[PDB]
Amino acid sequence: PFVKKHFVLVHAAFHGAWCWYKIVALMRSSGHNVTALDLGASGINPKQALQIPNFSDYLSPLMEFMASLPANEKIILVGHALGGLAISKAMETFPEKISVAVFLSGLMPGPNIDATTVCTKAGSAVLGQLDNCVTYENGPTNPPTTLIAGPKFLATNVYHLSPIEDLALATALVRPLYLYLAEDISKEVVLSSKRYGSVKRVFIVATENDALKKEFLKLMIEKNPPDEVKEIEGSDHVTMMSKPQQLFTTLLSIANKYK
């Protein structure tokens, strides 16, 4: 009783559609439709970070994709980490086009724990970490403009349990992230219980995530309870790299449950 589904994958900071390559392959081989998107200035998106200081422009690729979805079509929307904010806005805007939303170690703000709160905590876990650095394209009087992930940070905090070739891949592809302002994010991502909250939600925890500590993740799960919490043991931050098969099986299960 095969039922073709449409998975939409949204990456985390510094990454792009490319990070989902193992999952995309498994999905396509299964006969499912899968769309891996590059958010603004990510992957091979043409914009450069400094060219998109407005958060709406970082999210535009997903919003535009959602708006173009055929009528009556439902998707399984998956967001990894920072990608959680993107799918959250998609849920609030197009709740009817989403069968179920999946937050993979994702920022999952809610009415009782808004985006600014989540982003501030998220920032503290990345800014200043190991060899990560910021730039000041607008001068020292202004806030730092972009954040650049360093190879040591990637090796230790993100890809510690992934094949070494995936770390090499990431080092050749990660791009800078514009340090979006708190006020800008708070105005772009506003969630309501009747829209955002009406979409089925599942959170997937990576048990060995050294990028985002469990306390923070548990905080979001507690202050904004999802319909279900799944766990993938032995996974580092990039579950799609370290535990691809398990993630795939888990996504299929989720898709069949909320179809």
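So that there is no doubt, residue numbering starts at 1 and follows the sequence shown.
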| On average, which has the higher Cα B-factor in the deposited entry, 37-45 or 201-209? | 201-209
| task | With reference to the PDB entry, specify whether the mean Cα temperature factor is higher for 230-238 or for 186-194. | result | 186-194
| said: Between 52, 59, 220, 66, which one tops the list for Cα B-factor in this entry? | reply: 220
| Considering only 102, 172, 108, 126, which residue's Cα atom bears the greatest B-factor as recorded? | 126
| said: By the recorded C-alpha temperature factor, relative to the other modelled residues in its chain, which third is residue 119 in? | reply: highest
| query | Lowest, middle or highest third: where is residue 79 by C-alpha B factor in its chain? | reply | lowest
| query | Against its chain's modelled residues, does residue 162's Cα B factor rank lowest, middle or highest third? | reply | lowest
| query | For residue 8, does the deposited CA B-factor place it in the lowest, middle or highest third of the chain? | reply | lowest
| Cα B factor band for residue 87 (lowest, middle or highest third within the chain) | lowest
